[PDB]
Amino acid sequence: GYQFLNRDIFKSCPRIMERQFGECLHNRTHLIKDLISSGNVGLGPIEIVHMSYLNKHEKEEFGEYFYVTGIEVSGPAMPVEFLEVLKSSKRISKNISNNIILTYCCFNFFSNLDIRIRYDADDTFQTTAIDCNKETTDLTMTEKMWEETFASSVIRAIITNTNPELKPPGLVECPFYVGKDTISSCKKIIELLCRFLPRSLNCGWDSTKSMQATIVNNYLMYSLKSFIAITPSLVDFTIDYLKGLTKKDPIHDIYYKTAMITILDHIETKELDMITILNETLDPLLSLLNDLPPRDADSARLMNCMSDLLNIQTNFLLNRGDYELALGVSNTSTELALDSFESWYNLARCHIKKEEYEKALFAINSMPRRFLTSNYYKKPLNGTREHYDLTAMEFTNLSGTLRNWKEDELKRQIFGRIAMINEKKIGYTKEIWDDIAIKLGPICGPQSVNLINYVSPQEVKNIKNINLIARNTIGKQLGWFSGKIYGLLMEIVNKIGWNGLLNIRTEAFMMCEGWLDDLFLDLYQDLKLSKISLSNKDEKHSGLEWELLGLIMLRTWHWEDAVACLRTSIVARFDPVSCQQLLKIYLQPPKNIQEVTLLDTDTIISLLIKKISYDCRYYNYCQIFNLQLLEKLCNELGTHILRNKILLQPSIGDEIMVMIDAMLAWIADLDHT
């Protein structure tokens, strides 16, 4: 049953101990208040479940809470069932009172209301919509407000799942996509997103990737694309539904057309259709641009949108090797937005492909250039330090709430102020859960790009080559913008080399920003590091060292070398960072490689199993990326064969198969449509 899985998750959540009763919700409101006063709320905060308990002996009330995404909230029904399951499943001391208050909070970023569902000790529930800007203000829930809230929770769950940097330790992610009828669940979610397309510019955007929110760049459009990635059988359905929306709601046509175009983007089967819809979308726009003298705010919205679509064409032409046409649109696109990073970037690509490297360098020069809530968690650092922030009363209270748990076993599962207990053990495998996972802990947040900050301090100190660390620190981390640029520089180096690049620099002086100078030097040092060989020297190298070497090799495009190092780093212990890079290179192989095989499906299946196990340990039961992998494997091997290959693996027990069978079941359901 799909209910089976949900039940197990709801019973398997961690517990964070509130410092001061009330702090948790007071801080939530404060944080919302800030976001609203500042310019962008964005997605607002992740959903929270708060539990209020009474220690009988002392007169003291104490709280516990945890973070979660993926509960539906199309109305109170699903959150209430969840609260009901939580309360019914309690195991508590005689010293803990049976009066318990549970609150579920989900933030609606369309209305900027925090929806709080409160399940009382008398087992009755009340919902309030809190406007945090005007403190006292509570409203009543219209249908529209519920739909906005549903949409908020779904967008937030997709965006969060797909970016590890946004996940707090111990975050519980539910498989929002699962349901009674798989196909109907997915359709429900798709139609929800599509109907909300007109309000997409209110959905926040990632400013790493874009200056302003655009019809093309915003969280809603991103989440829709991410979801469609795992539901390819629903593409034709989706294009139709939008075709239908544009008929009922013609004033919003631009939004619906843009969604058609971005959904079909990068699907080779659908290129003729994409090109055709772009055509119908763009031509009207040049007209509508010249028919406003006001320069009304709608003028920037449209020019941005027009440039974003043109970018899509440019990219398409470039990928197909037609540089003359690419340069044609690429010109038009850079005029309409001089503020557009993407426009200059493609303009640089065009020049690079036409081998005119000075113009490219000019283009590059021309380009345009959060949450604190982790006090509760302490990293284990490979067993080299103790992580316990609890006081004795805090622990007494915690234990009272979890009677079924042996106290010493409980103490071992606490990391700082959070109890990382996972009771139903879904996803369990011995090698992962009883060894490597305990060491290291969840890998998420800004530090999650490598293991430098998760591993033994001694292990880092042991690294012979200082540059190896220095080029991989969280500070010197590249980031979307400079990463894209570094890429263009690599393209250039591949042709004429670093010395060549450097001459091009001074040719350009004849006809240079400091941030660019800094990249040249970074690039140089990375190329050097790339040449290094850690093998055959009768020198012992740690996993961390292999992993860092591999990340550098990816960066410099030495693919085989990178795969080799990354695998080597996994030999002595599991490395969630290296593993993910391996799966990613299988899922999305580099374009330059000539349909080369970097990894064989047996190796992939092995890694994929461990990764699913690692993810499940820390509550990620959603795993959109891993589904994408399973989907690719089912395409190659077939579903039944793939299942057998999984069953043949020695680490596989029943707990992990619950999870895998669910994911496989869902993928299978999608094949009939």
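One rule holds for the numbers: they count along the sequence shown, beginning at 1.
J.: Count of coordinate-less deposited residues separating residue 511 and residue 512, as none, 1 to 3, 4 to 9, or 10 or more?
T.: Gap between residue 511 and residue 512: 10 or more unmodelled residues.
J.: How many residues sit between residue 369 and residue 370 in the deposited sequence but have no coordinates: none, 1 to 3, 4 to 9, or 10 or more?
T.: Gap between residue 369 and residue 370: 10 or more residues without coordinates.
J.: Looking only at CA atoms, which has the higher mean B factor in the entry: 327-335 or 422-430?
T.: Stretch with the greater average CA B-factor: 327-335.
J.: Report the stretch with the higher mean CA temperature factor, choosing between 606-614 and 39-47 on the basis of the entry.
T.: Between 39-47 and 606-614, it is 39-47 that shows the higher mean C-alpha B-factor.
J.: I'd like to know which of 442, 232, 294, 76 has the highest C-alpha temperature factor in the PDB entry.
T.: Answer for 442, 232, 294, 76: 294, with the highest C-alpha B-factor.
J.: Hey, out of 111, 401, 535, 580, whose CA B-factor is highest in the deposited coordinates?
T.: Of 111, 401, 535, 580, 535 has the highest C-alpha B-factor.
J.: Of the three thirds of its chain by CA temperature factor, lowest, middle or highest, which one includes residue 104?
T.: As the PDB entry reports it, the C-alpha B-factor of residue 104 lands in the lowest third of its chain.
J.: Could you say whether, by C-alpha temperature factor, residue 636 belongs to the lowest, middle or highest third of its chain?
T.: For residue 636, whose C-alpha B-factor we compare with every modelled residue in the chain, the answer is the middle third.
J.: Once the chain's modelled residues are ordered by C-alpha B factor and cut into thirds, is residue 23 in the lowest, middle or highest one?
T.: According to the entry, residue 23 has a C-alpha B-factor in the chain's highest third.
J.: Please place residue 176 in the lowest, middle or highest third of its chain by C-alpha B factor as given in the entry.
T.: Ranked within chain, residue 176 CA B lands in the lowest tercile.
J.: Where does the C-alpha B-factor of residue 248 rank in its chain, lowest, middle or highest third?
T.: Its C-alpha B-factor belongs to the middle third of this chain's values.
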